[PDB]
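Inspection log for the structure reproduced underneath, given as structure tokens.
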Amino acid sequence: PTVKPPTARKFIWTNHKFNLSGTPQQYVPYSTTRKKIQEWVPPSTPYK
Amino acid sequence: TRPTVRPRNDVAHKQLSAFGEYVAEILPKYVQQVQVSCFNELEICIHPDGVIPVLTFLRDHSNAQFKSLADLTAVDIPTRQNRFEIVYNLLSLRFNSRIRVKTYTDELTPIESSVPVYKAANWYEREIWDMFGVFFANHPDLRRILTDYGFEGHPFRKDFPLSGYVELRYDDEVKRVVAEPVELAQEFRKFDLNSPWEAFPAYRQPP
Amino acid sequence: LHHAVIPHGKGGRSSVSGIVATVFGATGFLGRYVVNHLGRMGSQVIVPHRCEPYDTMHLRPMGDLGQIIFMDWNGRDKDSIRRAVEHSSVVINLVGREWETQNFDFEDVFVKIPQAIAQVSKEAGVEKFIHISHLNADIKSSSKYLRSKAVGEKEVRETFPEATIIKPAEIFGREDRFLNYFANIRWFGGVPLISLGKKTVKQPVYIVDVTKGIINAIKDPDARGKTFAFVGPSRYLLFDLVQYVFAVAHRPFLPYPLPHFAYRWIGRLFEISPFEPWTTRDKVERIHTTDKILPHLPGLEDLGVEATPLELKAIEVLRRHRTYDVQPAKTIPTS
Amino acid sequence: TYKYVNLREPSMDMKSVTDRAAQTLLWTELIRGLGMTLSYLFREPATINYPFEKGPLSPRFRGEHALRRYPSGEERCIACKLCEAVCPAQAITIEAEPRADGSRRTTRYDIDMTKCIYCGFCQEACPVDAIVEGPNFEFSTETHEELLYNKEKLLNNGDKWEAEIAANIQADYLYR
Amino acid sequence: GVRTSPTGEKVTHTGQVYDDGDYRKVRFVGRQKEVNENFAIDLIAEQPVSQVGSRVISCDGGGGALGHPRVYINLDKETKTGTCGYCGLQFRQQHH
Amino acid sequence: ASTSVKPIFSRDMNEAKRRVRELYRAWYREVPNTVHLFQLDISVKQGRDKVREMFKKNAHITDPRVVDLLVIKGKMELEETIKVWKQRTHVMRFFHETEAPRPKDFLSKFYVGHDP
Amino acid sequence: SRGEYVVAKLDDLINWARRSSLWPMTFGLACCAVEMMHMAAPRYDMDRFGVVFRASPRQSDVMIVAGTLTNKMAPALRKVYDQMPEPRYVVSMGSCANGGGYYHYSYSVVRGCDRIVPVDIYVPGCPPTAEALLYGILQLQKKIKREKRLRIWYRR
Ligand SMILES: NC(=O)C1=CN([C@@H]2O[C@H](COP(=O)(O)OP(=O)(O)OC[C@H]3O[C@@H](n4cnc5c(N)ncnc54)[C@H](OP(=O)(O)O)[C@@H]3O)[C@@H](O)[C@H]2O)C=CC1
Ligand code: SF4
Ligand code: SF4
Ligand code: SF4
Ligand SMILES: [Zn+2]
């Protein structure tokens, strides 16, 4: 890298992080999509 | 020559057509159809009663000498009355040629075991039984070879589902490995890939 | 509530049962069966554990990916308790111990800790709370184990009124300390017993029956604010019951009497062990205490569970003790 | 053409027969084998000093999948689903919808790194060089759930390894 | 950019966030939620609109074979700009 | 000619039943040896009732060829138990000890899910 | 000296001995066993870390599952695991063992060895390089180095 530095991009990490398994910084999977079916909400006023 | 097209060998196409006729003239009682493919392979289609006669002739005759059984397998076609097509692939070191012999059966009709002709058929026939459920009569030792003990069904049948019917797991309560109905965390996704446009007009069927 | 968790599927390993449960003391004998039954149907199980993570490894294969979640908790730390219960719909308390340690005594584990869980669960909004008392709990008992059980059984019933208190008899199973207890006495030659085992009647219950009872109490709306008594189907004398165990294990049986005071004296000797003591003065009290009869409390049959005889599953537990058909012991008819 | 491997006729003269008697009694060919192992005792071993030294690799190495960006910062993926169609293990799952600005972008991009066979077909099918297999091969985990990557984990990898990923693609794209 | 929900959990660039009473949040206790901090929709909005002097312009994403398939964009409408369907860059015709 | 087919072992149901009974006797006399070699937790009576249940399922077959196959599979399943090619897990798979009971009535099925 | 100080140092002595003498029992089931052999080969030489090439099931501290676990093989695996003297760790090597990999949707494959036995480390790849399995083994060593068995017993 000293002789041939890499191309610079504003989105590249500046601080490299090592393997984080087994620490509070570990990756936890989850769904990235939002809810598909919306549920009806009953009215809040009594009908009689 | 055309750099991208496989060349044709018309010499070997004429020699395999002569021998196919030669076989059908000697065993009219069994041969139902002989065809030679466009890449020079010979197929002898027979009645299932001629498995032992036809194979014995091809192994022992002085102009055939097919002394090696390359492979024996089955193919499942649900649309035929006899679903299962049994295929014998043979080799001849004397004449440096190969030949394919095919017969048929169904779930309940047995076929004669070929172990007397080829000792190689012992394990192949167990595999056809285990995976397709075709019973081979007079087999010295017929039983499941590839599937698990107590397995129900024949997994290579076209109607057997890909993921099966049961899955294994370790249960702590009973201190052993148990079998349970299969539930998948991600269902296998089915892709409809076939294009609605004809690819090959040479193989078109009558309407 | 906007909506419940809406169970989906066929009740298998990858289904969703709609049960998000926090099990305290899930690394012991009883929790190893509750977590399995919760994970076998596709439940979210939060397991707060105090021990080394290596000692919770047997719980990982009991659920699908992401269904078993482990946290650190401290018995006297309220914040740690809160983290484990604020996402749950049911909390199950299995914390207990058969001996007093340097840092925890029977008061700490059976009164203060169960009270902290109940109070924090109420403040966090949990709906169902299940506490595990003892059948022989009584403030007038010679065992300090059973006296603290009674005090905790009340402070829980006051902090969380809609709690489902389960009071089982001595449980027997593969990892129990009840039948496995009357088989290691062989290492000391003979089998001491108070009054030769007479005058004591026990009603032991099967581990799986107690576990199936706990699960059905979570799913039954008619178990809130109610107390149960999980007892086996038969009552035996402490003598013939021990006689049966040695028969199944196929070991020599030399029952000789020993007075009450002498048993305590040898009880104190084992208590000096800094590890799990083989026996303790308190343990001797409960082993020689007669199991009570409380007909006014619902039992297993009210939750749909059929009690399992000790004869059908005694061999399962004592198979290991055999070196290299047994006649069933006598029972006490209900008058 | 063919050759015989074991078709020699041993001579039966006295000198030859005595040669095999000395071999039988004095263990000549066994001591010839001890000498070969002695030579290896004085050869420099081939061991490398991992983790301070690493085994050589090449720009074509196939490791941890990752999602790349354009030099402007916009994602390269346009949710075409060619990679999802070609993946022989069905390890990829994708969902897409119009973005707030109207772009064709994914809302889900998961790779199951336990179904994946690390074959490289996903990066051959991609028309915009979005999904690549990077050079990282040290990413073992302690739980099964950490190996189910979602779009956030894959975009973090791309930002993390872009400096090395770009240089490798520069070195090999003329062969593709 | 990343904005946090009233309960303190970050929102991803797809709009995902667990509601306050969702039991699934327990997976983040003693752990973290992986969120990428470089929102692509914001990054491409900072790029200047490129002025050109032709009716039709072509985009390949830059880098030649390292970009995206080459597409031609029509700039006849002055009400809006021409946007590339692949990389999101914008082009405009110079006063005609 | 359509209904004329090749047999497997038995030419009619009367001969087929002979093979069914001989197979049943083989299974009946093996349960005590099976419950002992595998150190099962079931009793011999429970073992012999499971054999009875398995035979009862296929009691409505009227095709001699089908009955021959059921006997062939039974003899194969028997040879695995005698020679201890199975293991305790395989033998106990006939009992389903780790599967919760599934309701058979309409109302119970209605409460849990959509399957009929 | 304090009791909390002696236990801390005793924990470091038992951890040091255990992580410096990992004797693995390798279940070589499929192609992943080949890469495991290259870890024992001269290039990487697992033996120089204290990790012996081959160990019997009763003399072993770690089980490496390298290949596809089928339904006909699962009971044999659990039996070998139950007979390993403790402490015992399991390393899952390759996509087949982690989650079933290329045969995930097969009728005769267990979808991940972690539903038959507990797993401590997952090594991804198909197959993982011999330098990737070695990285996993050294990651199990550090995990054993963080164990605090004695420091938790002293606080009971
Ligand atoms: N076992 C039986 O026969 C009977 C059981 N019960 C009651 O059921 C419950 C379950 O007991 P059981 O599982 O069978 O036996 P165990 O002793 O094996 O279970 C005890 C559990 O409680 C935990 N525990 C003990 N002290 C503490 C503490 N200060 N802080 C946190 N956790 C602690 C233990 O965690 P760790 O292991 O990490 O120390 C362990 O998980 C008990 O409350 C018991 O009184 C009542 C009647 C019969
Ligand atoms: S490397 Fe192959 S198997 Fe793995 S995600 Fe890419 S296409 Fe799928
Ligand atoms: S092939 Fe490339 S552009 Fe298409 S969906 Fe996959 S990653 Fe996105
Ligand atoms: S993970 Fe890959 S290399 Fe390993 S056994 Fe499976 S297919 Fe073979
Ligand atoms: Zn563009």
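Simple scheme: letters A, B, ... for chains in structure tokens order, numbers from 1 for residues in each chain, numbers from 1 for ligands in the order shown.
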Residue hits in chain G, query chain A, radius 10 Å, only C-alpha atoms, as a list in words: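 Filtering chain G at 10 Å from chain A with only C-alpha atoms gives residues 121, 139 and 143 of chain G.
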Selection export as a PDB file, in the first residue's frame, atoms kept: C-alpha atoms:
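Resulting contents of part-v5.pdb:
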ATOM      1  CA  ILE G 121     -17.612 -22.879  16.365  1.00  0.00           C
ATOM      2  CA  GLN G 139     -10.729 -19.124  17.700  1.00  0.00           C
ATOM      3  CA  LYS G 143     -12.909 -19.115  23.621  1.00  0.00           C
TER       4      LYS G 143
END
Selection within 7 Å of ligand 1 by only C-alpha atoms and all ligand atoms, output as number ranges by chain: C: 25-31, 49-51, 74-75, 94-98, 104, 109, 132-135, 167-172, 176-178
Would you put the residues from that selection into a file with N, CA and C atoms, as a compact mmCIF listing (two decimals), in the first residue's frame?
# COMPACT_ATOMS: atom_id res chain seq x y z
N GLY C 25 -33.71 -20.32 36.18
CA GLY C 25 -33.24 -21.63 36.60
C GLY C 25 -33.52 -22.71 35.58
N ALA C 26 -33.29 -22.43 34.30
CA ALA C 26 -33.55 -23.39 33.24
C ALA C 26 -32.40 -24.36 33.03
N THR C 27 -31.29 -24.20 33.75
CA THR C 27 -30.13 -25.06 33.59
C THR C 27 -30.12 -26.22 34.57
N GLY C 28 -31.20 -26.42 35.32
CA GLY C 28 -31.29 -27.48 36.29
C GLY C 28 -32.05 -28.69 35.77
N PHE C 29 -32.56 -29.48 36.71
CA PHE C 29 -33.24 -30.73 36.35
C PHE C 29 -34.58 -30.46 35.68
N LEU C 30 -35.40 -29.59 36.28
CA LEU C 30 -36.74 -29.37 35.76
C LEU C 30 -36.75 -28.49 34.52
N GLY C 31 -35.85 -27.50 34.45
CA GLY C 31 -35.83 -26.60 33.31
C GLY C 31 -35.35 -27.24 32.03
N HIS C 49 -29.16 -17.16 32.69
CA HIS C 49 -28.31 -18.16 33.33
C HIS C 49 -27.22 -17.48 34.14
N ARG C 50 -26.89 -18.09 35.28
CA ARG C 50 -25.85 -17.60 36.17
C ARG C 50 -24.53 -18.32 35.99
N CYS C 51 -24.54 -19.52 35.42
CA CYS C 51 -23.37 -20.38 35.37
C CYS C 51 -22.49 -20.05 34.16
N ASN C 74 -28.21 -11.90 37.64
CA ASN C 74 -27.74 -12.04 39.01
C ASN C 74 -28.94 -12.10 39.94
N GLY C 75 -28.88 -12.99 40.93
CA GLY C 75 -30.04 -13.21 41.77
C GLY C 75 -30.50 -11.95 42.48
N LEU C 94 -38.02 -21.43 38.27
CA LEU C 94 -37.55 -22.74 38.70
C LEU C 94 -36.33 -22.64 39.61
N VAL C 95 -36.01 -21.45 40.11
CA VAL C 95 -34.84 -21.27 40.96
C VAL C 95 -35.01 -22.08 42.24
N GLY C 96 -33.96 -22.79 42.62
CA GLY C 96 -34.00 -23.58 43.84
C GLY C 96 -32.66 -24.23 44.08
N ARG C 97 -32.53 -24.83 45.26
CA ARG C 97 -31.31 -25.51 45.66
C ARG C 97 -31.61 -26.36 46.88
N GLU C 98 -30.95 -27.52 46.95
CA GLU C 98 -31.17 -28.46 48.04
C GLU C 98 -30.21 -28.26 49.21
N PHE C 104 -25.60 -18.00 49.39
CA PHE C 104 -27.05 -18.09 49.29
C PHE C 104 -27.56 -19.14 50.27
N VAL C 109 -32.92 -17.95 48.19
CA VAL C 109 -33.33 -18.55 46.93
C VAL C 109 -34.82 -18.84 46.85
N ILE C 132 -43.01 -22.35 41.34
CA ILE C 132 -42.90 -23.76 41.68
C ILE C 132 -42.62 -23.85 43.18
N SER C 133 -43.66 -24.16 43.95
CA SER C 133 -43.54 -24.40 45.38
C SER C 133 -43.36 -25.90 45.63
N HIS C 134 -43.50 -26.33 46.88
CA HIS C 134 -43.39 -27.73 47.25
C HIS C 134 -44.71 -28.22 47.83
N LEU C 135 -44.98 -29.52 47.64
CA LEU C 135 -46.20 -30.11 48.19
C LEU C 135 -46.19 -30.07 49.71
N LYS C 167 -47.33 -27.15 43.03
CA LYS C 167 -46.76 -27.79 44.22
C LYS C 167 -46.62 -29.28 43.95
N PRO C 168 -45.48 -29.73 43.43
CA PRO C 168 -45.29 -31.15 43.17
C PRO C 168 -44.68 -31.89 44.35
N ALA C 169 -44.88 -33.20 44.34
CA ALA C 169 -44.21 -34.09 45.28
C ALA C 169 -42.78 -34.31 44.79
N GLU C 170 -42.06 -35.24 45.42
CA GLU C 170 -40.73 -35.57 44.94
C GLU C 170 -40.79 -36.08 43.51
N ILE C 171 -40.01 -35.47 42.63
CA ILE C 171 -40.00 -35.81 41.22
C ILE C 171 -38.92 -36.85 40.98
N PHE C 172 -39.18 -37.79 40.07
CA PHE C 172 -38.21 -38.81 39.71
C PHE C 172 -38.00 -38.82 38.20
N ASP C 176 -32.78 -37.04 38.39
CA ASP C 176 -33.37 -36.69 39.67
C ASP C 176 -32.37 -36.93 40.81
N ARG C 177 -32.74 -36.45 41.99
CA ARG C 177 -32.02 -36.73 43.22
C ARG C 177 -32.92 -37.45 44.22
N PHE C 178 -33.91 -38.19 43.72
CA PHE C 178 -34.84 -38.93 44.55
C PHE C 178 -34.64 -40.44 44.41
Selected residue of minimal separation from ligand 5 among E:90, E:34, E:61, E:70, counting only C-alpha atoms and all ligand atoms: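 Nearest to ligand 5: E:61.
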Using only C-alpha atoms and all ligand atoms, I'd like a table of the residues in chain G that come within 10 Å of ligand 2; for each, show the closest atom pair and its distance in Å rounded to one decimal, ordered by chain and ascending number, as a Markdown table.
| residue | atom | partner | partner_atom_place_in_ligand_line | distance |
| --- | --- | --- | --- | --- |
| G:95 | CA | ligand 2 | 4 (Fe) | 10.0 |
| G:101 | CA | ligand 2 | 3 (S) | 8.5 |
| G:102 | CA | ligand 2 | 3 (S) | 7.8 |
| G:125 | CA | ligand 2 | 4 (Fe) | 9.0 |
| G:126 | CA | ligand 2 | 4 (Fe) | 8.9 |
Contacts of stretch 17-25 of chain B within 10 Å, only C-alpha atoms, excl. fewer than 5 positions in-chain, as a list in words: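 The residues satisfying every condition are residues 12, 30, 31, 32, 33, 34, 35, 36, 37, 40, 41, 42, 43, 44, 45, 46, 54, 57, 58, 63, 64 and 99 of chain B.
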Next, the residues of the selection above should be written as a PDB file, in the first residue's frame with N, CA, C and O atoms.
ATOM      1  N   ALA B  12     -19.339 -44.971 -38.389  1.00  0.00           N
ATOM      2  CA  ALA B  12     -19.831 -45.669 -37.208  1.00  0.00           C
ATOM      3  C   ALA B  12     -21.350 -45.710 -37.154  1.00  0.00           C
ATOM      4  O   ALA B  12     -21.910 -46.569 -36.466  1.00  0.00           O
ATOM      5  N   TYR B  30     -38.087 -61.294 -28.952  1.00  0.00           N
ATOM      6  CA  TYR B  30     -37.938 -60.319 -27.877  1.00  0.00           C
ATOM      7  C   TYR B  30     -37.771 -58.887 -28.354  1.00  0.00           C
ATOM      8  O   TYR B  30     -38.298 -57.972 -27.719  1.00  0.00           O
ATOM      9  N   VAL B  31     -37.055 -58.655 -29.452  1.00  0.00           N
ATOM     10  CA  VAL B  31     -36.752 -57.291 -29.866  1.00  0.00           C
ATOM     11  C   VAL B  31     -38.013 -56.625 -30.400  1.00  0.00           C
ATOM     12  O   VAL B  31     -38.693 -57.161 -31.283  1.00  0.00           O
ATOM     13  N   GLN B  32     -38.331 -55.444 -29.860  1.00  0.00           N
ATOM     14  CA  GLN B  32     -39.471 -54.659 -30.313  1.00  0.00           C
ATOM     15  C   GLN B  32     -39.085 -53.425 -31.112  1.00  0.00           C
ATOM     16  O   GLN B  32     -39.919 -52.919 -31.867  1.00  0.00           O
ATOM     17  N   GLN B  33     -37.860 -52.928 -30.966  1.00  0.00           N
ATOM     18  CA  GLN B  33     -37.465 -51.693 -31.628  1.00  0.00           C
ATOM     19  C   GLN B  33     -35.960 -51.519 -31.507  1.00  0.00           C
ATOM     20  O   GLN B  33     -35.392 -51.743 -30.437  1.00  0.00           O
ATOM     21  N   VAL B  34     -35.329 -51.118 -32.607  1.00  0.00           N
ATOM     22  CA  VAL B  34     -33.907 -50.799 -32.641  1.00  0.00           C
ATOM     23  C   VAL B  34     -33.750 -49.423 -33.271  1.00  0.00           C
ATOM     24  O   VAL B  34     -34.268 -49.176 -34.364  1.00  0.00           O
ATOM     25  N   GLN B  35     -33.044 -48.530 -32.583  1.00  0.00           N
ATOM     26  CA  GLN B  35     -32.824 -47.179 -33.075  1.00  0.00           C
ATOM     27  C   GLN B  35     -31.379 -46.774 -32.829  1.00  0.00           C
ATOM     28  O   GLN B  35     -30.751 -47.211 -31.863  1.00  0.00           O
ATOM     29  N   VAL B  36     -30.856 -45.936 -33.723  1.00  0.00           N
ATOM     30  CA  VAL B  36     -29.505 -45.398 -33.620  1.00  0.00           C
ATOM     31  C   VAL B  36     -29.605 -43.880 -33.573  1.00  0.00           C
ATOM     32  O   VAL B  36     -30.252 -43.269 -34.431  1.00  0.00           O
ATOM     33  N   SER B  37     -28.968 -43.276 -32.573  1.00  0.00           N
ATOM     34  CA  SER B  37     -29.074 -41.843 -32.356  1.00  0.00           C
ATOM     35  C   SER B  37     -28.148 -41.085 -33.304  1.00  0.00           C
ATOM     36  O   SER B  37     -27.295 -41.662 -33.981  1.00  0.00           O
ATOM     37  N   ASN B  40     -24.445 -41.564 -32.686  1.00  0.00           N
ATOM     38  CA  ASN B  40     -23.916 -42.919 -32.839  1.00  0.00           C
ATOM     39  C   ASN B  40     -23.932 -43.697 -31.523  1.00  0.00           C
ATOM     40  O   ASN B  40     -22.898 -44.093 -30.986  1.00  0.00           O
ATOM     41  N   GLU B  41     -25.139 -43.914 -31.011  1.00  0.00           N
ATOM     42  CA  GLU B  41     -25.366 -44.870 -29.939  1.00  0.00           C
ATOM     43  C   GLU B  41     -26.521 -45.774 -30.333  1.00  0.00           C
ATOM     44  O   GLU B  41     -27.488 -45.324 -30.955  1.00  0.00           O
ATOM     45  N   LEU B  42     -26.417 -47.047 -29.967  1.00  0.00           N
ATOM     46  CA  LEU B  42     -27.341 -48.083 -30.405  1.00  0.00           C
ATOM     47  C   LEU B  42     -28.230 -48.496 -29.241  1.00  0.00           C
ATOM     48  O   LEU B  42     -27.734 -48.770 -28.143  1.00  0.00           O
ATOM     49  N   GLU B  43     -29.539 -48.540 -29.481  1.00  0.00           N
ATOM     50  CA  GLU B  43     -30.521 -48.913 -28.470  1.00  0.00           C
ATOM     51  C   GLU B  43     -31.331 -50.098 -28.971  1.00  0.00           C
ATOM     52  O   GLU B  43     -31.944 -50.026 -30.039  1.00  0.00           O
ATOM     53  N   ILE B  44     -31.334 -51.178 -28.195  1.00  0.00           N
ATOM     54  CA  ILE B  44     -32.159 -52.352 -28.457  1.00  0.00           C
ATOM     55  C   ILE B  44     -33.264 -52.373 -27.410  1.00  0.00           C
ATOM     56  O   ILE B  44     -32.988 -52.502 -26.212  1.00  0.00           O
ATOM     57  N   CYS B  45     -34.510 -52.253 -27.854  1.00  0.00           N
ATOM     58  CA  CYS B  45     -35.661 -52.263 -26.962  1.00  0.00           C
ATOM     59  C   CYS B  45     -36.324 -53.633 -27.024  1.00  0.00           C
ATOM     60  O   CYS B  45     -36.616 -54.135 -28.114  1.00  0.00           O
ATOM     61  N   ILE B  46     -36.563 -54.232 -25.856  1.00  0.00           N
ATOM     62  CA  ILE B  46     -36.948 -55.631 -25.765  1.00  0.00           C
ATOM     63  C   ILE B  46     -38.168 -55.780 -24.867  1.00  0.00           C
ATOM     64  O   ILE B  46     -38.486 -54.909 -24.058  1.00  0.00           O
ATOM     65  N   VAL B  54     -31.516 -62.143 -24.158  1.00  0.00           N
ATOM     66  CA  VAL B  54     -30.861 -61.107 -24.955  1.00  0.00           C
ATOM     67  C   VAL B  54     -29.483 -60.790 -24.390  1.00  0.00           C
ATOM     68  O   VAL B  54     -28.501 -60.672 -25.131  1.00  0.00           O
ATOM     69  N   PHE B  57     -26.945 -63.631 -25.021  1.00  0.00           N
ATOM     70  CA  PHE B  57     -26.473 -63.624 -26.401  1.00  0.00           C
ATOM     71  C   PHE B  57     -25.403 -62.561 -26.613  1.00  0.00           C
ATOM     72  O   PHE B  57     -24.389 -62.814 -27.274  1.00  0.00           O
ATOM     73  N   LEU B  58     -25.609 -61.365 -26.059  1.00  0.00           N
ATOM     74  CA  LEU B  58     -24.664 -60.276 -26.281  1.00  0.00           C
ATOM     75  C   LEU B  58     -23.355 -60.500 -25.536  1.00  0.00           C
ATOM     76  O   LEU B  58     -22.306 -60.017 -25.977  1.00  0.00           O
ATOM     77  N   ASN B  63     -19.601 -62.585 -32.278  1.00  0.00           N
ATOM     78  CA  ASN B  63     -19.599 -61.297 -32.958  1.00  0.00           C
ATOM     79  C   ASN B  63     -20.138 -60.165 -32.095  1.00  0.00           C
ATOM     80  O   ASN B  63     -20.254 -59.040 -32.585  1.00  0.00           O
ATOM     81  N   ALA B  64     -20.475 -60.432 -30.834  1.00  0.00           N
ATOM     82  CA  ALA B  64     -20.942 -59.391 -29.927  1.00  0.00           C
ATOM     83  C   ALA B  64     -19.975 -59.166 -28.772  1.00  0.00           C
ATOM     84  O   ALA B  64     -19.481 -58.047 -28.602  1.00  0.00           O
ATOM     85  N   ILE B  99     -23.419 -50.596 -26.325  1.00  0.00           N
ATOM     86  CA  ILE B  99     -24.794 -50.862 -26.728  1.00  0.00           C
ATOM     87  C   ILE B  99     -25.692 -50.698 -25.513  1.00  0.00           C
ATOM     88  O   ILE B  99     -25.283 -50.957 -24.378  1.00  0.00           O
TER      89      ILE B  99
END
Test item: residues no farther than 8 Å from ligand 3, counting only C-alpha atoms and all ligand atoms, as a ChimeraX atom specification: /D:67,76-84,94,106,122-123,125-131
Any chance you could export the current selection's N, CA, C and O atoms as a short mmCIF file (atom, residue, chain, number, x, y, z; two decimals), in the first residue's frame?
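selection.cif, freshly written:
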data_model
loop_
_atom_site.label_atom_id
_atom_site.label_comp_id
_atom_site.auth_asym_id
_atom_site.auth_seq_id
_atom_site.Cartn_x
_atom_site.Cartn_y
_atom_site.Cartn_z
N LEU D 67 -21.60 -6.65 -1.07
CA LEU D 67 -22.34 -5.75 -1.94
C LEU D 67 -21.55 -4.46 -2.13
O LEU D 67 -21.16 -3.82 -1.15
N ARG D 76 -24.78 -0.47 -6.36
CA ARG D 76 -24.75 -1.02 -7.71
C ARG D 76 -25.94 -1.93 -8.00
O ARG D 76 -26.43 -1.96 -9.13
N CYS D 77 -26.42 -2.67 -7.00
CA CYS D 77 -27.51 -3.61 -7.22
C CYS D 77 -28.78 -2.89 -7.65
O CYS D 77 -29.15 -1.86 -7.09
N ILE D 78 -29.45 -3.45 -8.66
CA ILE D 78 -30.72 -2.91 -9.14
C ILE D 78 -31.77 -4.02 -9.14
O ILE D 78 -32.68 -4.02 -9.97
N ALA D 79 -31.64 -4.97 -8.21
CA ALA D 79 -32.69 -5.93 -7.91
C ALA D 79 -33.16 -6.68 -9.15
O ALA D 79 -34.35 -6.91 -9.36
N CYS D 80 -32.21 -7.08 -10.00
CA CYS D 80 -32.56 -7.81 -11.21
C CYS D 80 -32.90 -9.27 -10.91
O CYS D 80 -33.66 -9.89 -11.66
N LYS D 81 -32.33 -9.83 -9.84
CA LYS D 81 -32.60 -11.19 -9.38
C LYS D 81 -31.96 -12.25 -10.27
O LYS D 81 -32.37 -13.41 -10.22
N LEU D 82 -30.97 -11.89 -11.08
CA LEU D 82 -30.24 -12.91 -11.84
C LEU D 82 -29.43 -13.80 -10.91
O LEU D 82 -29.35 -15.01 -11.12
N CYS D 83 -28.81 -13.21 -9.89
CA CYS D 83 -28.04 -14.00 -8.94
C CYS D 83 -28.94 -14.96 -8.18
O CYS D 83 -28.56 -16.11 -7.92
N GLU D 84 -30.14 -14.52 -7.81
CA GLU D 84 -31.07 -15.39 -7.13
C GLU D 84 -31.53 -16.54 -8.02
O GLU D 84 -31.81 -17.63 -7.53
N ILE D 94 -34.37 -12.19 -2.17
CA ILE D 94 -34.42 -10.78 -2.56
C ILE D 94 -35.87 -10.31 -2.56
O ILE D 94 -36.78 -11.06 -2.93
N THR D 106 -33.40 -2.93 -3.87
CA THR D 106 -33.87 -4.00 -3.00
C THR D 106 -34.27 -3.46 -1.63
O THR D 106 -33.72 -2.48 -1.13
N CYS D 122 -22.96 -16.23 -8.54
CA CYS D 122 -23.68 -14.99 -8.27
C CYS D 122 -22.95 -13.79 -8.87
O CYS D 122 -23.59 -12.86 -9.37
N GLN D 123 -21.62 -13.80 -8.84
CA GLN D 123 -20.86 -12.67 -9.37
C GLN D 123 -20.63 -12.78 -10.87
O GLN D 123 -20.27 -11.78 -11.50
N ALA D 125 -23.21 -13.81 -12.87
CA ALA D 125 -24.51 -13.43 -13.41
C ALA D 125 -24.78 -11.94 -13.28
O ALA D 125 -25.53 -11.37 -14.08
N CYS D 126 -24.19 -11.29 -12.29
CA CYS D 126 -24.50 -9.89 -12.00
C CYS D 126 -24.08 -9.01 -13.18
O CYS D 126 -22.90 -9.04 -13.57
N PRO D 127 -24.99 -8.23 -13.77
CA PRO D 127 -24.60 -7.36 -14.88
C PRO D 127 -23.95 -6.04 -14.47
O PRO D 127 -23.53 -5.29 -15.36
N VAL D 128 -23.84 -5.74 -13.18
CA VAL D 128 -23.36 -4.43 -12.75
C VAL D 128 -22.29 -4.54 -11.67
O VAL D 128 -21.97 -3.55 -11.00
N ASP D 129 -21.73 -5.73 -11.48
CA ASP D 129 -20.65 -5.94 -10.51
C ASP D 129 -21.07 -5.47 -9.12
O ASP D 129 -20.38 -4.68 -8.47
N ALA D 130 -22.21 -5.97 -8.65
CA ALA D 130 -22.74 -5.60 -7.35
C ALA D 130 -22.45 -6.64 -6.28
O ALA D 130 -21.88 -6.32 -5.24
N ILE D 131 -22.82 -7.90 -6.52
CA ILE D 131 -22.53 -8.98 -5.60
C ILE D 131 -21.22 -9.62 -6.04
O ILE D 131 -21.09 -10.10 -7.17
#
All helix (DSSP H, G or I) positions in chain E, as a list in words: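 The residues of chain E classed as helix (DSSP H, G or I) are residues 23, 24, 25, 26, 27, 28, 40, 41, 42, 43, 64, 65 and 66 of chain E.
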Mind running chain D against ligand 4 at 9 Å and telling me each contacting residue's nearest atom pair with the distance in Å (one decimal), counting only C-alpha atoms and all ligand atoms, chain and number ascending, as JSON lines?
{"residue": "D:114", "atom": "CA", "partner": "ligand 4", "partner_atom_place_in_ligand_line": "1 (S)", "distance": 8.5}
{"residue": "D:115", "atom": "CA", "partner": "ligand 4", "partner_atom_place_in_ligand_line": "1 (S)", "distance": 8.9}
{"residue": "D:116", "atom": "CA", "partner": "ligand 4", "partner_atom_place_in_ligand_line": "1 (S)", "distance": 8.8}
{"residue": "D:117", "atom": "CA", "partner": "ligand 4", "partner_atom_place_in_ligand_line": "2 (Fe)", "distance": 6.2}
{"residue": "D:118", "atom": "CA", "partner": "ligand 4", "partner_atom_place_in_ligand_line": "2 (Fe)", "distance": 8.5}
